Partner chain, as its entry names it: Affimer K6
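Single chain ahead, by itself, as structure tokens, in the form deposited without its partner chain.
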């Protein structure tokens, strides 16, 4: 019954930084006497227990066998680029197309995230990203793992997108 969230995007856009921040804000210790030591950590976002995974496709993951498995298992996807990395924005479409193909669905919960919005070097405008998100039919939000701007909102929005999808 857990919501399965997957964070995708080019290397270095801040997927780990965003996910670490979310866990730091929202992890709790839950009593469960049916497990070994009786307590397990979990993340609760907007009243939903959430599992979290990060999908990289470059670096060490250039050798991975698991890309499609991440996309099949994930129920909603944070598609992250960095506002100071034009290439990472240009990479977004490929990730979305792969997810849609692997899941064989036109209705996949997603949120477009423009991270590193605290940095003064901007090469991807808000308008560009909002136009892309509108074409996809998904929300767009700008975030900064450094200043914490938008981080919680990005994950909370994705949870609501998954919730609506499961309501259908």
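Numbering follows the first chain given and starts at 1. Throughout, rigid core stands for the largest set of C-alpha atoms superposing within 1.5 Å between the two forms.
Another form exists, solved in complex with its partner chain; not displayed. Remarks below refer to it.
Trainee: At a 4.5 angstroms cut-off on non-hydrogen atoms, which residues of 71-88 are near its partner chain in the deposited complex? List them in order.
Mentor: 73, 74 sit within 4.5 Å of the partner.
Trainee: If you fit the rigid core between this form and the one not shown, which of 125, 104, 131, 36 ends up with a C-alpha shift of 2 Å or more?
Mentor: One residue passes the 2 Å cut-off, namely 36.
Trainee: Please state whether residue 25 has a C-alpha shift of 2 Å or more between this form and the one not shown, with the rigid core used for the fit.
Mentor: Shift at residue 25: 2 Å or more after core fit.
Trainee: Once the core is aligned, does residue 141 move its Cα by at least 2 Å between this form and the one not shown?
Mentor: No: residue 141 shifts by under 2 Å between this form and the one not shown.
Trainee: Are residue 52 and residue 85 closer or farther apart at the Cα level in the deposited complex than shown, by 3 Å or more?
Mentor: Farther apart, by at least 3 Å.
Trainee: A 3 angstroms or greater change in CA distance between residue 20 and residue 28 is reported in the deposited complex. Closer or farther than in this form?
Mentor: Closer, not farther.
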